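Undergrad: This is the structure I have questions about; it appears just below.
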Amino acid sequence: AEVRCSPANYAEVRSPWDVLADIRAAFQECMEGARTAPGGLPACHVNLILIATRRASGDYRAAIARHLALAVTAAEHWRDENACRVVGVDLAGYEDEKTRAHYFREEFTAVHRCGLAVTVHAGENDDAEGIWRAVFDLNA
Amino acid sequence: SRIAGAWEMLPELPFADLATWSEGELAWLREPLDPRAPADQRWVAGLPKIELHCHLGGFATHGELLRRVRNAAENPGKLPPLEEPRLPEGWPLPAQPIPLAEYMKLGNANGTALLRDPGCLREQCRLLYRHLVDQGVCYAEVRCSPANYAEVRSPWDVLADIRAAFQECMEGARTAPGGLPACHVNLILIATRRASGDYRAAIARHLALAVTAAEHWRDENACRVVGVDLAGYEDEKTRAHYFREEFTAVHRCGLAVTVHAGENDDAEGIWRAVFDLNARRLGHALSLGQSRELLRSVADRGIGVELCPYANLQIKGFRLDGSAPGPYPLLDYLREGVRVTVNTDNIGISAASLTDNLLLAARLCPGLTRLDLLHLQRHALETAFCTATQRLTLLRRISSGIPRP
Amino acid sequence: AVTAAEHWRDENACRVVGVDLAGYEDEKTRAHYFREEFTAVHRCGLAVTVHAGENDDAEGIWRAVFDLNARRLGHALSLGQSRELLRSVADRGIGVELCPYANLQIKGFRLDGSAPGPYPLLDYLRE
Amino acid sequence: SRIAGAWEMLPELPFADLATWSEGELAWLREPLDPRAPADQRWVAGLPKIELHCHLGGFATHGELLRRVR
Ligand SMILES: Nc1ncnc2c1ncn2[C@@H]1O[C@H](COP(=O)(O)OP(=O)(O)OP(=O)(O)O)[C@@H](O)[C@H]1O
Ligand SMILES: [Mg+2]
Ligand SMILES: [Zn+2]
């Protein structure tokens with residue numbers, strides 16, 4: 001399973017990095033607790049995907065930049081193959097003509113440079129043009 | 001009576017305690033500095049300083065410090081062979097300007113080849129903090145590249161270890177009034193750009209690490225990552241405005257940005273850094289004088305300029321004691337009102353400290369006065385990235401810590 | 001504005017010292033749509049001021065601050081919504097101009113401490 | 001004597017020249033403003049002010065100023 005989380009929304013006195021570390025630590029300890037299945041492997045393997053959520057109005061671009069930077073740092077931090085890792089980023093939230101994928105290329109350039117998987121919410125409330133922008137302008 | 005006599009011309013003065021110094025000492029402080037006089041050297045050494053341009057990777061590059069850095073590794077067997085890169089004749093004051101690539105190569109004994117081991121990194125941090133406190137620095141900002149020091153530990157681990165070492169160093173030396181550290185050290189991450197190879201991914205990783213580190217540690221009385229840098233090779237095809245998309249996320253986060261521009265580039269690179277990358281400080285803006293409008297804009301926008309005199313003389317070459325690279329731009333920058341500071345750049349490879357930097361800044365431009373040195377200190381105090389309360393505390397400490405002649 | 005700034009240079013005399021970006025604003029008329037026009041003004045080295053925040057979120061203020069290079073912001077009432085943008089405006093020293101009567105009449109605020117929200121003058125002084 | 005008394009709070013003061021005020025006068029400059037008091041209105045009127053946002057086209061729109069311009 002790949003669970004998506006937004007640790008920056010859970011930071012009021014502890015950093016979003018601390019929230020992400022706590023989430024991954026809980027997942028890893030619960031993994032090590034359930035050592036069923038053959039070969040000494042965890043019963044269910046879960047990886048993390050950071051959520052970059054977009055709103056109709058307000059302040060959300062700083063949140064997107066913070067999530068992307070946190071995802072890059074977390075991916076570079078934990079590299080153990082047999083452990084919970086951050087494997088990609090997300091582009092979710094409200095969608096219309098004015099919040100399509102191609103408006104978010106510049107901050108996703110860093111994620112693409114780092115070599116991190118990208119997934120996008122598209123087609124829920126948009127025609128095929130939004131899916132095209134997500135596929136070919138953001139490289140989801 | 002001292003305050004009453006010098007109550008006029010107070011706002012032109014750089015600090016508050018300057019007024020309480022008598023007409024004789026004010027007249028002495030307005031005379032041009034004489035670096036040959038031992039009294040002037042002692043006064044400059046005793047002056048409390050603020051450091052803004054210091055590279056962590058260029059401290060232990062020559063001399064016994066290397067041994068003190070070499071005899072601290074966890075696994076000495078992995079250490080590369082001890083090689084000291086030879087220096088040309090008269091290294092502190094070379095007769096001929098020297099290029100930049102060999103300049104980088106000169107610090108090959110330290111950095112990636114040596115700081116990859118954590119014990120060497122911790123000892124380097126401790127030695128650098130001891131050197132800074134010995135020089136009298138009340139506030140310094142150190143540039144580091146943690147991602148270059150990772151093989152099994154993440155660059156986040158390197159940054160955490162560096163900040164922990166600096167924090168323990170600050171906590172250990174709890175001198176000075178108010179129970180505050182003798183020197184307060186912050187961190188700035190460097191985004192290096194090369195002529196060819198893979199560097200943009202490293203730049204993006206450094207920017208993400210800087211944003212995460214800034215969001216993690218928020219204690220004002222603690223070492224924090226307070227900005228990012230864009231250093232390395234620069235030319236027409238490696239200008240600042242090629243890196244807008246990488247840096248916009250940093251601008252989303254609200255992090256200070258410093259830029260290397262003008263070392264071997266015209267004023268176009270400086271303009272690109274100022275108006276397209278939004279640099280709050282410009283490093284080595286030697287070519288700013290060609291454009292008058294850009295100089296006026298940098299003056300009125302309050303954008304700081306960091307000049308290291310030893311590095312500028314070693315790289316570009318300059319005429320000493322008023323005897324064609326052009327005159328050193330300290331004096332006209334000061335007269336035009338731009339916020340100008342004097343720093344060390346790489347302490348080790350230049351083999352000099354802040355006191356030598358200020359003395360040679362006086363040497364390069366005859367007519368410089370000690371009031372100009374205090375003005376440079378005030379400019380460094382204002383231009384550094386710090387909280388307002390920290391700025392007031394630093395101002396009070398520097399005002400109350402200037403020695404009498 | 002560029003020609004007038006180049007024409008009159010007497011410091012002890014009336015001069016044109018900056019340009020403005022005023023008028024109706026919305027999602028389709030942000031500051032980032034005027035970057036190519038204002039590139040010449042930035043090249044000539046002239047001050048720039050913008051109206052932002054009166055009837056829009058902090059994104060317009062961010063655009064006015066960061067890709068239009070504004071030195072002052074006009075009616076930045078929504079700047080409290082963005083903590084990071086507020087810190088950037090504070091450390092960059094960008095001036096923020098507030099007109100109490102215009103803000104009271106246009107947006108409407110509560111007087112004598114009696115939902116537009118509170119007037120951010122005290123908060124802006126605090127930060 | 002006044003300036004030596006209030007020397008240590010000089011950076012807090014926006015203007016250095018008001019550091020030569022009384023301790024009572026400075027305490028009068030620290031509590032919240034009273035717009036209803038005529039004395040406060042007179043003091044605010046007498047204060048020197050700097051203006052940065054004034055539209056020339058919206059100055060004389062009503063009153064006698066419109067007729068005098070016309
Ligand atoms: N004056 C300067 N002008 C331009 N670039 C500089 C200057 N001084 C240092 N640099 C570059 O900035 C980098 C910052 O130093 P850093 O500590 O990250 O590297 P290092 O440990 O010396 O290793 P390496 O140089 O091999 O990457 C230096 O490596 C050098 O490449
Ligand atoms: Mg190096
Ligand atoms: Zn540098």
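Identifiers in this document derive from the order of the structure tokens: chains are assigned A, B, ..., residues are numbered from 1 separately in each chain, and ligands are numbered from 1 in order of occurrence.
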Considering only C-alpha atoms, return as a PyMOL selection string whatever protein or nucleic-acid residues lie within 12 Å of residue 25 of chain A, sequence-local ones (same chain, fewer than 2 positions apart) excluded.
TA: chain A and resi 17-23+27-32+46-48+78+83-85
Undergrad: Around ligand 2, which protein and nucleic acid residues have at least one atom no more than 12 Å from it, if we count only C-alpha atoms and all ligand atoms? List them as a short mmCIF file (atom, residue, chain, number, x, y, z; two decimals) with C-alpha atoms, in the first residue's frame.
TA:
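Listing of pocket01.cif after writing:
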data_model
loop_
_atom_site.label_atom_id
_atom_site.label_comp_id
_atom_site.auth_asym_id
_atom_site.auth_seq_id
_atom_site.Cartn_x
_atom_site.Cartn_y
_atom_site.Cartn_z
CA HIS B 55 32.99 28.81 3.81
CA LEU B 56 33.14 25.78 6.09
CA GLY B 57 35.08 23.81 3.48
CA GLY B 58 37.93 26.29 3.22
CA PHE B 59 39.17 26.49 6.82
CA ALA B 60 41.64 23.61 7.31
CA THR B 61 43.39 23.70 3.94
CA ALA B 101 39.95 26.85 -11.27
CA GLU B 102 43.37 26.42 -9.66
CA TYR B 103 41.98 28.55 -6.83
CA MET B 104 39.37 25.86 -6.18
CA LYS B 105 42.01 23.16 -6.68
CA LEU B 106 44.18 24.70 -3.94
CA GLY B 107 41.65 23.61 -1.32
CA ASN B 108 41.75 19.98 -2.40
CA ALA B 109 43.27 18.83 0.91
CA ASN B 110 39.96 19.63 2.66
CA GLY B 111 36.31 19.28 1.75
CA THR B 112 34.87 16.26 -0.04
CA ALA B 113 38.06 14.20 0.26
CA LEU B 114 38.36 14.82 4.02
CA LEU B 115 35.04 15.99 5.50
CA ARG B 116 33.23 12.84 4.35
CA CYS B 144 28.22 24.47 4.02
CA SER B 145 27.29 21.84 1.43
CA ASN B 148 28.67 16.61 -0.80
CA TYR B 149 29.48 14.67 2.40
CA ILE B 190 25.51 26.53 -1.07
CA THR B 192 27.15 25.03 -6.56
CA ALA B 231 28.07 29.79 -5.86
CA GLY B 232 30.47 28.05 -8.22
CA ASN B 346 37.83 30.92 2.59
CA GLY B 348 42.25 28.52 5.12
CA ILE B 349 43.21 28.84 1.46
#
Undergrad: Excluding residue 50 of chain B and any residue of its chain fewer than 5 positions from it, enumerate the residues within 6 Å of it, using only C-alpha atoms, and give them as a list in words.
TA: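 Final neighbour list, sorted by chain and number: residues 137, 138, 139 and 140 of chain B.
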Undergrad: Mind dumping the selected residues with N, CA, C and O atoms as a compact mmCIF listing (two decimals), in the first residue's frame?
TA:
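Result written to part_33.txt:
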# COMPACT_ATOMS: atom_id res chain seq x y z
N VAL B 137 34.55 37.55 16.83
CA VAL B 137 33.29 37.64 16.09
C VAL B 137 32.13 37.43 17.05
O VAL B 137 32.07 36.43 17.78
N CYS B 138 31.19 38.38 17.06
CA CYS B 138 29.97 38.26 17.84
C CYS B 138 28.81 37.67 17.05
O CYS B 138 27.75 37.41 17.63
N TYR B 139 28.99 37.45 15.75
CA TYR B 139 27.95 36.86 14.91
C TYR B 139 28.58 36.46 13.59
O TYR B 139 29.24 37.27 12.95
N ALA B 140 28.36 35.21 13.19
CA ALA B 140 28.93 34.69 11.96
C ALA B 140 27.91 33.81 11.26
O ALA B 140 27.04 33.21 11.90
Undergrad: Taking only C-alpha atoms into account and nothing else, which residues of chain C lie no more than 10 Å away from chain A? Please answer as a list in words.
TA: residues 27, 28, 56, 57, 58, 59, 62, 78, 81, 82, 83, 84 and 85 of chain C
Undergrad: Can you tell me which residues surround residue 328 of chain B at a distance of at most 7 Å, considering only C-alpha atoms, apart from same-chain residues fewer than 5 positions away, and format the answer as a PyMOL selection string?
TA: chain B and resi 318+364-365
Undergrad: Taking only C-alpha atoms into account, report as a PyMOL selection string which residues of chain B lie within 9 Å of chain D.
TA: chain B and resi 3-4+7+10-11+16+392+395-396
Undergrad: Identify all chain B residues at most 7 Å from chain C by counting only C-alpha atoms; ligands do not count. Present them as a ChimeraX atom specification.
TA: /B:253-254,275,293-294,297
Undergrad: Take the selection from the previous step and output its residues with C-alpha atoms, as an mmCIF file, in the first residue's frame.
TA:
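This is the output file result-v2.cif:
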data_model
loop_
_atom_site.group_PDB
_atom_site.id
_atom_site.type_symbol
_atom_site.label_atom_id
_atom_site.label_comp_id
_atom_site.auth_asym_id
_atom_site.auth_seq_id
_atom_site.Cartn_x
_atom_site.Cartn_y
_atom_site.Cartn_z
ATOM 1 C CA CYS B 253 9.107 29.234 1.700
ATOM 2 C CA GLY B 254 10.419 32.695 2.586
ATOM 3 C CA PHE B 275 15.994 41.502 -10.293
ATOM 4 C CA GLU B 293 21.585 52.880 -12.510
ATOM 5 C CA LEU B 294 22.256 49.428 -11.048
ATOM 6 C CA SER B 297 19.132 50.607 -7.361
#
Undergrad: Looking only at the backbone, which of the residues in segment 43-94 of chain C does DSSP tag as alpha helix (DSSP H), as a ChimeraX atom specification?
TA: /C:43-44,58-66,83-92
Undergrad: As a count of residues only, please: every residue in segment 18-259 of chain B that a backbone DSSP assignment puts in strand (DSSP E).
TA: 37
Undergrad: Have a look at B:216, B:244, B:53, B:131 and name the one nearest to ligand 3; count only C-alpha atoms and all ligand atoms.
TA: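 When distances to ligand 3 are compared using only C-alpha atoms and all ligand atoms, the smallest one comes from B:53.
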Undergrad: Within 10 Å of ligand 3, counting only C-alpha atoms and all ligand atoms: which residues, as a PyMOL selection string?
TA: chain B and resi 52-55+142-144+188+190+192+229-232+258-261+282-284+306-308+343-346
Undergrad: Just want the 8 Å neighbourhood of segment 52-56 of chain A, counted on only C-alpha atoms, with same-chain residues fewer than 2 positions away dropped. Output as an MDAnalysis selection string.
TA: chainID A and resid 6 50 58:61 63:64 67:68 89:95 99
Undergrad: I want to know what sits within 10 Å of residue 127 of chain A, based on only C-alpha atoms, with residues of the same chain fewer than 4 positions away left out; could you give that as a CSV table (one decimal) with C-alpha atoms, in the first residue's frame?
TA:
chain,number,residue,atom,x,y,z
A,96,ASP,CA,-10.5,23.9,-12.7
A,97,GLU,CA,-9.1,25.7,-15.7
A,122,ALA,CA,-6.8,14.9,-13.0
A,123,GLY,CA,-10.0,14.2,-14.8
A,131,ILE,CA,-5.1,15.1,-18.2
A,132,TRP,CA,-3.0,16.2,-21.1
Undergrad: If you count only C-alpha atoms, which residues fall within 6 Å of segment 14-20 of chain C, apart from same-chain ones fewer than 4 positions away, as a PyMOL selection string?
TA: chain C and resi 5+8+46-50
Undergrad: Please report as an NGL selection string which residues of chain A come no farther than 9 Å from chain B, using only C-alpha atoms.
TA: :A and (14-18 or 61-66 or 68-74 or 76-79 or 105-115)
Undergrad: Within 9 Å of chain D, which residues of chain C are there when counting only C-alpha atoms? Please give them as a list in words.
TA: residues 74, 97, 98 and 99 of chain C
